[PDB]
Structures are given as structure tokens and as C-alpha cells.
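Asker: using only what follows, build the 3D model:
(chains A and B)
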Amino acid sequence: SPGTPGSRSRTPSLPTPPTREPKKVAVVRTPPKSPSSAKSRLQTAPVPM
Amino acid sequence: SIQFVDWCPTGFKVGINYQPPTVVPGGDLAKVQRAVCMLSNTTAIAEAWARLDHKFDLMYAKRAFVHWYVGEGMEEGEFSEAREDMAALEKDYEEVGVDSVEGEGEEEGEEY
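Answerer: Residues are numbered from 1 along each chain as shown, chains lettered A, B, ... in the order given. Okay, here it is:
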């Protein structure tokens, strides 16, 4: 007997489309900034002359 | 040179008692046959009242400690009412120092 039987899957292969890469790695842009504000402040005179 | 006001026509008052000063235990005076109390009314104290009125101003300009008083039910108008009264006084103590002058300008002689 043939030692690899017919009981076994013989599914024939297909036209699979071409392979895309795993990762894009497109270029980044820096995020924007404005400068930090002082939190403790200068104050005016509460009392006049 | 113990300067009285220039206007002064009279400016002394006398009073005389036979009892001397008395010694108290723990006391600091010597035992003496005679003594003098003196009360002087004078224009000079008025500058010491400008010291105190300047000591008022310098805090009031900062409303320093002011809140301790408003909450008692009197006003910041009630400081300035009493402050304006110190100014009427300062300005009248000046007036009773005046050498009976009630003039406006000054006048000069002939010099070389």
C-alpha cells in the first residue's frame, strides 16, 4: 500500500496576493510649544495715599 | 531763656501745703522737709504728638491691623474722623506758639 493515505487533506493552492511590510514608520512632526508661565506673581498696592 | 510763649502776660500758679512727702515701705525716695509738684502746659509736646500721628499714618497707609477694628462695628471713616481731629490740634498748637504775629510777608532794613 501507498504509505501516505487518501484519508488526508490534499487542498490545492491559490493565487495569494503580494506581501505588504509589517510596519509603516512614516515620519513624525515635532509637537508645538509656547513658554511656561510664572505662577507666583508681582502685585499692586491694595492701599492708596 | 526758659522760653514762655511771647504773648504770655501771666503764666504761674502757686499752692502750698504743710504736709511733706511721706515714705512708703519698699519706697525709693529720701525723707525730706520739703517738696514740689509741677504741671506745665507747653507747645513742645505737640511734636511728640506728631511722632504718634506719623506712627498712625504709616500703618493706616498699609491698612495694617485695620480689620481688628472694623469687625467691632466702627468704620474706616471712624479712623479718618479721629485722624482729621489730630490735624486740627497739630495746627492749633502751632497757632498758640505764634509770637502774636498775624502778618503775611516780611520786611527789611538798610544794610551793606
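Asker: and the contacts of stretch B:34-47?
Answerer: For stretch B:34-47, the surrounding residues in contact (CB atoms under 8 Å, 6 or more residues apart in numbering or on different chains) are B:5, B:20-21, B:89-90, B:93-94, B:96-97. Any C-beta I mention is one placed from the backbone N, CA and C, and that applies to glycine too.
Asker: how does it look with 10 Å?
Answerer: B:3-5, B:11, B:13, B:15, B:17, B:19-21, B:29, B:53, B:89-98 (CB atoms under 10 Å, 6 or more residues apart in numbering or on different chains).
Asker: do stretch B:8-22 as well
Answerer: Residues outside stretch B:8-22 that contact it (CB under 10 Å, 6+ apart): B:4-5, B:27, B:29-37, B:39-41.
Asker: what about it, start to end distance?
Answerer: One end of stretch B:8-22 sits 35 Å from the other (CA to CA, to the nearest Å).
Asker: and that stretch, what's buried?
Answerer: By neighbour count, with 16 or more other CB atoms under 10 Å in any protein chain shown as the criterion, stretch B:8-22 contains no buried position.
Asker: what's near enough to touch the residue of chain A found nearest chain B?
Answerer: For chain A, the nearest residue to chain B under the criterion CB to the nearest CB is residue A:47, separated by 5.1 Å. With contact set as CB under 10 Å, 6+ apart, residue A:47 has these partners: B:60-64, B:66.
Asker: swap in 6 Å and give it another go.
Answerer: Going by CB atoms under 6 Å, 6 or more residues apart in numbering or on different chains, residue A:47 touches B:62-63.
Asker: three-state assignment of it?
Answerer: Reducing the assignment to helix, strand or coil with DSSP: H, G, I helix; E, B strand; the rest coil, the entry for residue A:47 is coil.
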